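A single structure is presented below for examination.
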Amino acid sequence: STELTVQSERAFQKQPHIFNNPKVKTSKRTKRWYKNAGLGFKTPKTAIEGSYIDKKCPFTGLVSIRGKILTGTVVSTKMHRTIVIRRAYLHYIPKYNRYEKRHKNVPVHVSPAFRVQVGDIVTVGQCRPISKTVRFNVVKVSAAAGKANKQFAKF
Amino acid sequence: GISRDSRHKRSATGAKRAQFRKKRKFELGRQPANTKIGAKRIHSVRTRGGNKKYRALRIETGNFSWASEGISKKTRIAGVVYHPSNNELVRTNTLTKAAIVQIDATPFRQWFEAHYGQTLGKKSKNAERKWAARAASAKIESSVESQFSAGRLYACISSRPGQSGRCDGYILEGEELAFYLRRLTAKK
Amino acid sequence: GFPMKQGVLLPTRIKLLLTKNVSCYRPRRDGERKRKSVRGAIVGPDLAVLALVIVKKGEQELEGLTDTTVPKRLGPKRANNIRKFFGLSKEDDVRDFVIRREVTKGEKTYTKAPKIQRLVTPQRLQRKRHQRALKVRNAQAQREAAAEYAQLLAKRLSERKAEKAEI
Amino acid sequence: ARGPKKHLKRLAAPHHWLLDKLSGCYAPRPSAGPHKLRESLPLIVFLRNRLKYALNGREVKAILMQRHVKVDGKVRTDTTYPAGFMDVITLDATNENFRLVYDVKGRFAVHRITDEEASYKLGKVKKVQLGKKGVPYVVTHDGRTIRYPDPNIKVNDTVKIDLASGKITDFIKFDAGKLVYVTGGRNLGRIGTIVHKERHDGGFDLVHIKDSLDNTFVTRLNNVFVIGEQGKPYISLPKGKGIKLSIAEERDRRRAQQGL
RNA sequence: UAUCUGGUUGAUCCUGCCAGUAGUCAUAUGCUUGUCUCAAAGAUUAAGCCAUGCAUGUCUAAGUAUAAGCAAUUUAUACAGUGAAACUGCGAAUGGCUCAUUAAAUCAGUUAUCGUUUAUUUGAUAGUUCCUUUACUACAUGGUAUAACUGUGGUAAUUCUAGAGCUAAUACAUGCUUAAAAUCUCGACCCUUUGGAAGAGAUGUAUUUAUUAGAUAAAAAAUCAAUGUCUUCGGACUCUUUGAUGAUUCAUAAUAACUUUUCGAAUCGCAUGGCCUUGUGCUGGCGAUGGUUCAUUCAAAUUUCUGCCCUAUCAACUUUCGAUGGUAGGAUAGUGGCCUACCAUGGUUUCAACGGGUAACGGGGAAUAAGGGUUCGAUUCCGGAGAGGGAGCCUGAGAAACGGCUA
RNA sequence: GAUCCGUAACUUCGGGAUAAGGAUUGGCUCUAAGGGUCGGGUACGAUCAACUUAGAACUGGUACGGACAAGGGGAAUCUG
C-alpha cells in the first residue's frame, strides 16, 4: 500500500547507505537497492520500479527470509503494511481415530510490492521479529482478485 | 531495574500474562544518555561480556562527512534544529541519532578553497594544475552553497551518541536537504 | 569501639554503605559493600581514644616518644628502591648494597638478604632477545607464505587462460 | 541456570561411551576443546574403559602427568580432554598409535594404526572464509584454522593434515563416486562411496550412499565425511569396514566361529 | 493377558445399581517376622519455624617469601630448600535440595540467529607504538602505595577494626625499540610541454561515521567529465583482477577523518649451549603465564511450527498509565511496543477467546495386561522456578546470586 | 467551581447519581490541533481573522476555584 506521497513521515524516508550523488548528473534521479530473497521467490517489478522505502521489505529492505516457509489465506488487511492470515489444519485426536478442524491466525508483514485483499492466498516466509507479533513476511501472492472483476452488471 | 522482556505486556489475545520468573539480568535496560552540547563528558558503562559502552552526555565536537566530496572534518556542533521523533529534543538541544544540526562550515570551506579555490558564496605551481583538473567538481549546489554564506551547514547525526561516545554525521544534500528545508521553513 | 572516619561530618554515629579501598571496612567478598556504623570526624565527649601524631616536638622530652627509635622492619627490595636509598647513579651494582639481616641458629649465625626485583640479569636480556626474535621471524614467515600463495594464484592465472585458448 | 554447567551425570552421558549404569553417580564431562560433547571421547574413557591400562581415574591422571599419551602430536595432559573423530593418539611407551574411528555399531573403536599413518589426519573443511587482511582460511571439523589453502578447496571437502606442520598436503573433493565415512545419525560408522547428493535449497541436503554389498541408505551432509576414492581409502579402515550386517547375519557369523 | 458371582419376586426374564473378586513403583496402619541379594524413605499437611556442628576453597620447576618459622650445609653476601601469613590469579553462577508460583506460560519434538554475548579449552593471529625525523627520549628494563609483619589501641559483643612505622608483584598506574618497500596526499623548482621532479608527511590494530569495490545473462559501437601504460605522435590499449550463500548493505578490501586512543610482553622456571672485532659483546633451546582479532568448544539469550486438565451458574475480552500496527529515537549483548514521541484503529473470539478452578511444575515415564483405553507422574534423567515474602544491586565471561550485599 | 477517574443496594429500567470515594488547578515560556476569501483549459499557494482544547519545560515559603462565589455525605423506619 504505503499511499504514495511516499515521504509522508516526519523523517526522510530513504534506504540506508544508498547514496545517489548530486554532482554526477544521473538521469534516473534516484539510486535503488533491491535483492533476491532466495528460495526461488521472484522479486516483483513493483519492488524495482517502486518508489517506496519500507525497511521491512523482503526485497528492498533489511530483512532476510530464513526458517519456515508457510502459506495461508488472508483474513485481515486493515493494519498498515501488516495483514493477518488464517492457517487452517486438522488435529488428529488419537482416541476417536479421527480429526478436528483447527485454525490459527498469524499476523504477517506485507510489503507494498504486493497488493493483498481479503481472501487471497499468500505464501509467507519466516524472518526476524518485526514487531510484537509479526514474524513473517509476504513473499508470494497466489491470488489476484478471487473472481471479483468477473462480477459486473447485466447486459 | 528496567526490563525489556515480554513477560509483562499482555498477549495478542489481550490476556494478562501471569507473573513468571523474577527480573532477569540479561533482560536489563538502562537510562538514556540525553547528550547535550558543550564540554565533552563521556562515562563508561560495563555491558555484557565486559565490552564497555561509552555513554556520551554533553559532547561538542563531531566528525561530519561531506558525502559528495568524499571528506570528513572534525567540527563544532551549534545546535539541534529538527528531530523527527520529538520536538522537545529540538527545544532542549539533545543530540541523538537522526537529529538535524548546524555544524561549523569553516573547515569544509577551507578545504574547498584548498581543493578548488572558489570562495563559497559571493599561486604556486602544482595547485595550478590541480585547480585545472577540478572545476566540473566545483559546481556543488544552490542550496548547500547558500548555507556557506551563513557560516553554518545543515547536517544529520548518524552515530548513536549514547552507545558510541561519538556524535558523527553527514552533511545534508539533495532531496534529503530539500525535505528538511520544507520541514524547517513551514513551521517558522 | 566505633572508629572515626575522615570527613563524614557530624559528631554522632551514622551508618554508611562502605565499599572497597575505603577505611573502616575490609571486604570478605569481591565487590561486596556493607552498611556499617561509623562515627564522624568531630571530637566530642563520646570518644574513648584520640589518636595524635606529633608533627612538631616540644621543648621537654616525653617518656618513650622521643627517647626511643623503633627501627624499620624491612629494607628496600626493588633495584631502584635501593638505588634511591643510597644515591647510587645507576652503574653501582645494587647487589652489593643490599641490606642483610643476621639471624642466629642458636650457635651458628646465618644471614638473609631479600631479593632484587626488576634487576637486569642475563636471563631478562635473553627473554627480551627471544621475544624480539620471534616477532621478526614470525613476520618473515608470514610474508614468505603470502608470497608462495601469490605464486599459486599466478600459476592458476596462467592456467585459467590456457583453457580459453584451446577451445 | 546462572552460568555454564560443569558436572555431567551418569545416564546423561553419551551412550557410545558405554559407561556402566550402576557404580558411579557422575560421568566425565569432556572439557571444552576441538570436538563437542556428544561426538567425542574423554581420555579417561579411552585409557580406562577401552584400553584398560588404568583401573581408576586416579591412575589416568598418574599416566597423563608423565607426558605419555599425546593426542594429535601435542601432549594434552587433560583427564577429560575431548579426543574425537580422526584423532591420532600416540603412546610413545608401548609404541602404539591409535586412530579414533567409528565402529559399525556406532562406537569409538580401539584401532591401532602404524607409525607412518600416525603422521597425518583428515579434516572435513567446515567453512572456508576470508580472514583479516584478505587471508583465506579453512576450518576443519576439529576447529583447526589453516591459512592460505588451495583455492579449489571448497566446503564439505576433506583435507589431509600433516600434524607436525599444521599445513595441508592433499585434499579430496566431494564428488559422486568417492568414499565416505558416516559420522552421526542412525547410520553412524557405515562406509561407502556415494550414490547422489540431493540439493534441497533452504536447508538439510541429503546424500545417498551405497556400500560394498549394495545396501543404499540416506544421510544428511553433516554426518558425511569423505575418506577417499572408491576402493582405495586414505586411512586405515577399522575391522568390519563399515558394512552393518543385520542381526541374523551377525549371529550366523558368531556361530560359525565357535569351534574350539 | 478376551472369565464373572451374591442381592428387588411366590417364582420368571430384564434394566439397573450396591456388594463381592484381582492388581497398584500406592500411601497409612494392625498382628507377625528366621536367612541371602537388592534399597525408597518429612513429597502430600506447614515453600511452617530452627538450637548446634559441618557442607567452598585453592600453589605448581614455572606470579609475590627477609615468617625476628623450620632444615642447616654445600659452589652461591641479591635470592636460590621446605614453607605459615597476606597480596595477586582463579573458583565460589557448579553441585545439592524443594515443587510454592506457573494453564500457550513452563515443557516436548522441531526450527532460526542474514538478530546476538560468550571466561575457559582448541587452532590460527600483530617488524609500524616517540618525534616538523643533527645536538632526543631510561630499554642493561621506569614510579609510588599498600597487605602480611612490628608497635600502640578502642568495644560487653562479630570473620569489628583505627592510628603509626616498613616492604613486593603477572596487583596498580606508566613507557620505548624493528625491515625494506609500495601507494597516497601535499609539494622546494622550471617550462612552457604529450609537462617532470627531488623530499616532507601519512600509512598496524581497535572504536565511530560517511563513501566505494565486493564482477559473471551470450555478441558489436559513439559521445562527454578527469587522466593512464606502451609510444613507428594517425592514435591503439591487445591479456585485464574477484570468495560464500537459497539469500544480504555478507566475508574482506579501499578512501576521508574521528577517539578523555583499546591492544601491540618492563612477566616466570629450567636448560645453559654456539660465534670473535674479547667487549662479562652479539646470538641461542624447551614451556609457563598473559594479550588483540577470527574460528572452535562449553554455553547462553531470544525464536518458527504443533501439542495441555475441569469450567458458559465465565460470551465477549483487549486499549487504565501499549492494547494491535507504522515511522523515528532511546535502550540492549542484540531483534522487538522493550520504552518514549507522533500517527493509524486495530488485535483475540462458539474451531471456546477472556475470566475462574487446579487438593497443576512440564516431559522421559508409572499402574492397569484382548484391542481401544483409564488413572498417575512432588520424587534418581532432561528442562524450568525458588531460597521466609517482594524489590534493588555490586563483582564477574556468566547472578538480578541469597552457605553475596542493601532496604 | 471546573477537569479527569470511579461509582453501590434498589429500580416503575426512566432513575438513584454531583451517589459514595479520589486526583489536578497559579504565573511564565513554548508546542500541537480545530478556520475565511482568492486565481486552476475543456497537485498546491498567497493572504486574513478567531478563542477553544490538549501537552511540555521552567518557576515559588506546596501555593494556585488563593477575595468573591460555592453540595456535607451515608444505613434505614413511619408516612404522603
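Each residue's number is its place along the chain shown, starting with 1.
Just so it is clear, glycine is given a Cβ too, placed from its N, Cα and C backbone atoms.
Pulled from Swiss-Prot, these are the listed features:
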type: CROSSLNK; residues: A:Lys14; note: ubiquitin cross-link
type: CROSSLNK; residues: A:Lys45; note: ubiquitin cross-link
type: CROSSLNK; residues: A:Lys55; note: ubiquitin cross-link
type: CROSSLNK; residues: A:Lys56; note: ubiquitin cross-link
type: CROSSLNK; residues: A:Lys78; note: ubiquitin cross-link
type: CROSSLNK; residues: A:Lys95; note: ubiquitin cross-link
type: CROSSLNK; residues: A:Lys104; note: ubiquitin cross-link
type: CROSSLNK; residues: A:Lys132; note: ubiquitin cross-link
type: CROSSLNK; residues: A:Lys140; note: ubiquitin cross-link
type: CROSSLNK; residues: A:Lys147; note: ubiquitin cross-link
type: MOD_RES; residues: A:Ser1; note: N-acetylserine
Where does A:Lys132 (ubiquitin cross-link) sit by DSSP, helix, strand or coil?
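For A:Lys132 (ubiquitin cross-link) - judged by DSSP and reduced to three states - the answer is coil.
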If you count Cβ atoms within 10 Å of each one, which of the recorded sites A:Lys45, A:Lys95 comes out on top?
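Answer by Cβ density within 10 Å: A:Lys45.
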Out of A:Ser1, A:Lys56, A:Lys78, the recorded positions in the record, which is closest to A:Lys45 (ubiquitin cross-link) when you go by Cα distance?
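Smallest Cα separation from A:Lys45 (ubiquitin cross-link) among A:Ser1, A:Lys56, A:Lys78: A:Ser1.
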In Å, rounded, how far does the Cα of A:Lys132 (ubiquitin cross-link) sit from the Cα of A:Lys56 (ubiquitin cross-link)?
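Cα-Cα distance, A:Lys132 (ubiquitin cross-link) to A:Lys56 (ubiquitin cross-link): 14 Å.
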For A:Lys132 (ubiquitin cross-link), just count the other CB atoms lying within 10 A of its CB, please.
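Total other Cβ atoms inside 10 Å, all chains included: 12.
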Compared by Cα position, which of the recorded positions A:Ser1, A:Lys95, A:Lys104 is the closest one to A:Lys55 (ubiquitin cross-link)?
A:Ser1
Return the single residue from the recorded sites list (A:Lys140, A:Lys147) that has the minimum number of other CB atoms within 10 Å.
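Comparing Cβ neighbours within 10 Å for the recorded sites A:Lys140, A:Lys147, A:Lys147 has the fewest.
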Give the three-state DSSP assignment (helix, strand or coil) for A:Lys56 (ubiquitin cross-link).
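Coil, per DSSP.
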If you count Cβ atoms within 10 Å of the Cβ of A:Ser1 (N-acetylserine), leaving out that atom itself, what do you get?
14
Distance between A:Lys14 (ubiquitin cross-link) and A:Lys147 (ubiquitin cross-link) at the Cα atoms, whole Å?
37
Please report the Cα separation of A:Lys140 (ubiquitin cross-link) and A:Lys56 (ubiquitin cross-link) in Å, rounded to an integer.
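For A:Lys140 (ubiquitin cross-link) versus A:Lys56 (ubiquitin cross-link), the Cα atoms are 15 Å apart.
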What is the separation, in Å, between the Cα atoms of A:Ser1 (N-acetylserine) and A:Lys78 (ubiquitin cross-link)?
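Per the Cα atoms, A:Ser1 (N-acetylserine) and A:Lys78 (ubiquitin cross-link) stand 11 Å apart.
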Within 10 Å of the Cβ of A:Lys56 (ubiquitin cross-link), how many other Cβ atoms are there?
19
Of all the recorded sites given, A:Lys14, A:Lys55, A:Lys78, which has the fewest Cβ neighbours within 10 Å once its own Cβ is left out?
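A:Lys78, out of the recorded sites A:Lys14, A:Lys55, A:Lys78, has the fewest neighbouring Cβ atoms within 10 Å.
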Quick check: in three-state DSSP terms, what is A:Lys140 (ubiquitin cross-link)?
strand
